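1. generate a structure from the sequence data that follows.
(chains A, B, C, D and E)
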Amino acid sequence: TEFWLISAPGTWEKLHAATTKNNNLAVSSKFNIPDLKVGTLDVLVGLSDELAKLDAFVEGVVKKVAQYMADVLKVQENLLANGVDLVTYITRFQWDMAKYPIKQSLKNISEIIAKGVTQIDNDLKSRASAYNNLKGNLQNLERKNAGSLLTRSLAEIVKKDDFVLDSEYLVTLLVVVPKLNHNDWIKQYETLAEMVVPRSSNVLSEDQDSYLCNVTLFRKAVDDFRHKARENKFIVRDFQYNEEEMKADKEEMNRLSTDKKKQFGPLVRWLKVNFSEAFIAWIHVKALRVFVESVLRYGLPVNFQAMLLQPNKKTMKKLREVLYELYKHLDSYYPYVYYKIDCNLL
Amino acid sequence: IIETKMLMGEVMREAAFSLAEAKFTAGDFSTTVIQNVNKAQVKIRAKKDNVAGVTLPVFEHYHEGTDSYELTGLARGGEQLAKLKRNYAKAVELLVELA
Amino acid sequence: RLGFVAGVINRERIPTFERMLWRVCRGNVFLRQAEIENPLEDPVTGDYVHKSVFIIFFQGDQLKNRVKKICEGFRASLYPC
Amino acid sequence: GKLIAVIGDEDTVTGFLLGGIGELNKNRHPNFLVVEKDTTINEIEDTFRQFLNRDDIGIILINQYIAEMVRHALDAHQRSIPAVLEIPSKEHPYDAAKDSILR
Amino acid sequence: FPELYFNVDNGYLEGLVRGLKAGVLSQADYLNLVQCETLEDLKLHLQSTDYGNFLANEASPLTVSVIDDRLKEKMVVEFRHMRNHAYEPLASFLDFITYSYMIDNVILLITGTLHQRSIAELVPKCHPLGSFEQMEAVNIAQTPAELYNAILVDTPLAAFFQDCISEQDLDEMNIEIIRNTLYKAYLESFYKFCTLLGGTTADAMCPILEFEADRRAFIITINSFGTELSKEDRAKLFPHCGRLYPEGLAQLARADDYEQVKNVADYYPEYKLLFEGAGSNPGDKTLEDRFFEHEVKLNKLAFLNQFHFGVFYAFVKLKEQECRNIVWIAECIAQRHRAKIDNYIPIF
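-> Residues are numbered from 1 along each chain as shown, chains lettered A, B, ... in the order given. Take a look:
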């Protein structure tokens, strides 16, 4: 959805109702704007370059929070103080307590706007990056429980009967052997090294390609067995009691799921209060930007004759032409004051 | 002295592993980089400091940056470069502070 | 308080000069044309064209940066009056 | 002293030339010296004498494995400028040479 | 029809280059090299494969740099054996592969020529595949690259220097631009030559040369953002050789942003799903760690075609992947930094 925003000064505030008579084009609501302090010419024109910098910047802030809303779990539920974006557009007022009318419009209104939304902006990049790390570690979570038995985490497959503990001279090494190499391994596991316990061949578990099995073996021959296993394509995976801390990673398999659940609520309530404040600030810089250049292109006896508009689809070509004839007779790129605002977020 | 000398040993270890990474990606640059040197991009200016009236010589670094390796790689690599440059400009950021 | 700058520009670029000046200054400027006769010559810019005079008051003292960009874009030469 | 000098190694100098410390004035010398397998101990000693006598050299980088050979030449240098540092190699890690000044 | 010949002249060299393919290290061979702890142990593990006893005479301290050039000297004498036996449908084809190394040796030779140094730069610091041990006038040239360019046309790269003004290489053009303009004219001349050869060596090779031009198209327009080269410069650095030629090369000339080269890569479904390298993720395969795996995928499919010359060019580009992988294994072992030791390219 697009939106259009045109002011037409030159009663004349009944002549915008004659543009509502063009009912085939738009609905053309008012968007009344309170008066702001005038009292400058020089830094007023210098302001307009900064307002050109601001609205292009702060629309980039509200756009990347829209693409971040897929991360929480397309959908349009962006309310603004219990209000949909289009129903706020017809009834938007400046707040006069968050952005005062008393101070001069140019710098200290725009600075507390800019300092405010940038403080929301850098807080967004710092907080959301922390929660994105937890799902990245949760991306490593199911990656540990996937693949073959060589690369999969072994936090569930263990049994204390399948190892010889009490380290004095012996140790069980976890060797994985392919299924096609089964008969060649059960004849050679005695002679891949010296002093092998020659009966310890027992198949712990299997997969569709291979099987996981155990060899009880002397502590001084763990390397020469591993070397000769690689020469005949058997793979040795070392094992230690950090699996008891991988039982604490089974806790972390539950912990990273719970902090995903714990931080999800605080995430969406952080987005809903900030982006609503960010979008309200995005409308307020438009009201400042339409306040300037409407006192330049048009006169300033006291104040310009304010009006605004309402969107259009697939008749915007004739809306431009019906407004070009009316307002090229006004003056001697658009021939009036105009600012394209973009209603859809993505 | 002792604390930042074991700190540059970790940075120069990281910069050395970056070097390997660059060579995996991008050919060999052990003649392109060596031949093309004309002027310096990182220089030092001696500043003065004091403790109890004893003038201490100290060094201050500055970049008159005209990149002589602005186009190195550029067809194969050149992404592993300009982060190997960043891993070594940060190294000479620290080695001047140590000196 | 202030608001004077004057210079020289060729006659063949005056129609697009006043239209571009009207656009980027957004009104609030006063330009009165004054035409000269048979061709003069600046050695490198510009050679052998008949030129004209312009008065760009503006009164702004911020718009001075917004007009010196225009005189260099149209390649004009201004003198201290 | 405005230049940084590096004696380094083959892989060391090509990382430091990418940092931006190399400079070739064709009159005097190059401000670096690539030390390969087939260069003598004397040639390292001459260029060490070159960088100490040069005015624009303020810092002298050198790998400590290369500095183990010219150690007798740098144990006599006891001035404040130019500073001489020992940086670790790709193979050779670290420890000696400045604490001779402090035990 | 183009298949019942080509065993007359090239029958012996097809089985010979496919016999060398079986010695390329497989996935099981790469697992044995990862588990090593010292470069001395890597030497004993390499003895099980075809490489065996190639580091027998070097030294007691085994540096990683002596592993590098001894790996690359083995593939040179494997390639130099094949070029001595190809009569002339294949000897000129094998000469085209060495032009990629002759370009990198020529630009290495003109730099020291501008800085007034000579033959001592040439012999130790040049690639042995595209080498200069013949045409001895190029070795005796110590002139400042104007009386040496007239010697340089005595060299089989003379057909590529017709877009190279002799004065233009005399410091008026940047030294990297003079590589990528030479590699540009090398690529269309190699694409046209493989189109003259018909049948199986035309659809097993030009799919590889289409992606090689688009590696050259994409990496140029990404690494030319911060530097002061114009868009008309990188537009003439694009090879008119591949899938992006009539449409994509125009859009890469206007980019100015990494996001704009991404969406013009999404128009091609093969070149998208390669732009998911995503270096914003802290540890992952980068954009050129994904371009390498697509490069060796097309070289691996070259061996499925049987009666064609593209088996030779794929073999050099896969044996070069061996010398990149084993050095990357040995540099993670010697630095004791085997946390990214799995980031190699497993071709077979």
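2. tell me where chain C has helices.
-> Ranges of helices in chain C, per DSSP state H, are C:14-24, C:65-73.
3. could you check whether the longest one is close to chain A?
-> Yes - using C-beta under 8 Å from any C-beta of the partner chain as the criterion, contacts between helix C:14-24 and chain A involve C:22, C:23. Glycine gets a C-beta too; all of them are placed from N, C-alpha and C.
4. which stretches of the stretch 201-346 of chain A form strands?
-> Here the stretch 201-346 of chain A has its strands, by DSSP state E, counting those that start in this stretch, at A:202-206, A:210-218, A:235-237, A:337-338.
5. how about residues contacting the last one?
-> For strand A:337-338, contacts defined as C-beta atoms under 8 Å, 6 or more residues apart in numbering or on different chains pick out A:5, A:6, A:7, A:290, A:293, A:294, A:297, A:298.
6. narrow those to those in helices?
-> Among the contacts of strand A:337-338, the members found in helices (DSSP H) are residue A:290.
7. now, which of the contacts of strand A:337-338 sits nearest chain E?
-> Closest to chain E out of those is residue A:5 (27.0 Å), distances taken as C-beta to the nearest C-beta.
8. doesn't residue D:58 belong to a strand?
-> Yes - under DSSP: H, G, I helix; E, B strand; the rest coil, residue D:58 falls within a strand.
9. so who does the residue of chain D found nearest chain C touch?
-> Proximity of chain D to chain C (C-beta to the nearest C-beta) peaks at residue D:20, 35.2 Å away. Neighbouring residues of residue D:20 by C-beta under 8 Å, 6+ apart: B:40, B:41, B:42, B:63, B:65, B:67, B:68, B:85, B:89, B:92.
10. so which residue of chain B comes closest to chain D?
-> Nearest to chain D, among the residues of chain B, is residue B:41, at 2.8 Å (C-beta to the nearest C-beta).
11. on the three-state scheme, that residue is what?
-> With three-state DSSP as the basis, residue B:41 sits in coil.
12. neighbour-wise, give me the winner out of the contacts of residue D:20.
-> For the contacts of residue D:20, the largest number of neighbours (other C-beta atoms under 10 Å in any protein chain shown) sits with residue B:92, at 24 neighbours.
13. ok, that residue - contacts?
-> B:42, B:61, D:4, D:16, D:19, D:20, D:21.
14. for the residue nearest to the spatial centre of chain C, list each beta-bridge partner.
-> Centroid-nearest residue in chain C, with C-alpha atoms, centre = their mean: residue C:54, separated by 5.0 Å. Beta bridges link residue C:54 to residue C:7, judged by DSSP bridges.
15. give me the neighbour count for the residue of chain C at minimum distance from chain B.
-> Nearest to chain B, among the residues of chain C, is residue C:72, at 27.1 Å (C-beta to the nearest C-beta). Using other C-beta under 10 Å, the number of residues around residue C:72 comes to 9.
16. distance of it from residue E:26?
-> Counting by C-beta to C-beta, to the nearest Å, the gap from residue C:72 to residue E:26 is 67 Å.
17. okay, now residue E:158: neighbour count?
-> Neighbourhood size, residue E:158 [other C-beta under 10 Å]: 11.
18. for residue C:54, see how far away the residue in chain B positioned nearest to chain C is.
-> In chain B, the residue that lies nearest chain C is residue B:66 (27.1 Å; C-beta to the nearest C-beta). According to C-beta to C-beta, residue B:66 and residue C:54 sit 41 Å apart.
19. likewise for residue A:142?
-> Remark: distance between residue A:142 and residue C:54 (C-beta to C-beta) = 73 Å.
20. run through who's touching the longest helix anywhere in chain D.
-> Longest helix in chain D, counting residues (DSSP H): helix D:41-53. Identification of contacts with helix D:41-53 by C-beta under 8 Å, 6+ apart yields D:5, D:7, D:29, D:31, D:33, D:35, D:57, D:60, D:66, D:69-70, D:73-74, D:77, D:82.
21. apply 10 Å and report the result again.
-> D:3, D:5-7, D:28-33, D:35, D:39-40, D:57-62, D:66-67, D:69-70, D:72-74, D:77, D:79, D:81-82, D:84 (C-beta atoms under 10 Å, 6 or more residues apart in numbering or on different chains).
22. tell me the buried residues in that helix?
-> Within helix D:41-53, the residues scored as buried using 16 or more other C-beta atoms under 10 Å in any protein chain shown are D:44, D:47, D:48, D:50, D:51, D:52.
23. then stretch B:72-84?
-> Applying 16+ other C-beta under 10 Å to stretch B:72-84 flags B:72, B:73, B:74, B:75, B:76, B:77, B:78, B:79, B:80, B:81, B:82, B:84 as buried.
24. do the same with stretch C:67-80
-> Neighbour counts using 16+ other C-beta under 10 Å place C:67, C:71, C:74, C:76 of stretch C:67-80 among the buried residues.
25. near chain A, anything from it?
-> No - judged by C-beta under 10 Å from any C-beta of the partner chain, stretch C:67-80 and chain A are separated, with a smallest distance of 11.4 Å.
26. which ones are touching the residue of chain A found nearest chain D?
-> Of all residues in chain A, the one sitting closest to chain D is residue A:223 (23.6 Å; C-beta to the nearest C-beta). If a contact means C-beta under 10 Å, 6+ apart, then residue A:223 has A:193, A:236, E:37 as its contacts.
27. before we move on, what about residue E:167?
-> By C-beta under 10 Å, 6+ apart, residue E:167 lies in contact with E:145, E:146, E:149, E:173.
28. doesn't it lie inside a strand?
-> No - checked against three-state DSSP, residue E:167 lies outside a strand; its state is coil.
29. chain E contacts on chain B?
-> By the rule C-beta under 10 Å from any C-beta, the part of chain B lying against chain E is B:13-14, B:16-17, B:19-21, B:23-28, B:30-32, B:34-38, B:67, B:69-83.
30. residue B:23 contacts residue B:33, correct?
-> No - contact criterion C-beta atoms under 10 Å: residue B:23 and residue B:33 do not qualify, at 11.6 Å.
31. which residues do the two both contact?
-> What both residue B:23 and residue B:33 touch, as defined by C-beta under 10 Å, 6+ apart, is the set residue D:14.
32. chain E contacts on chain D?
-> Counting by C-beta under 10 Å from any C-beta, chain D sits next to chain E at D:9, D:10, D:11, D:24, D:26, D:36, D:37, D:38, D:90, D:91, D:93.
33. residue D:34: neighbouring residues, count only.
-> With other C-beta under 10 Å as criterion, residue D:34 counts 17.
34. show the contacting residues for it.
-> By C-beta under 10 Å, 6+ apart, the contact list for residue D:34 reads B:30, B:34, D:6, D:7, D:8, D:9, D:10, D:12, D:13, D:14, D:17.
35. if you set the cut-off to 6 Å instead, what comes out?
-> For residue D:34, the contact set (C-beta atoms under 6 Å, 6 or more residues apart in numbering or on different chains) comprises D:10, D:13.
36. ok, now residue A:336?
-> The neighbours of residue A:336, taking C-beta under 6 Å, 6+ apart as the test, are residue A:327.
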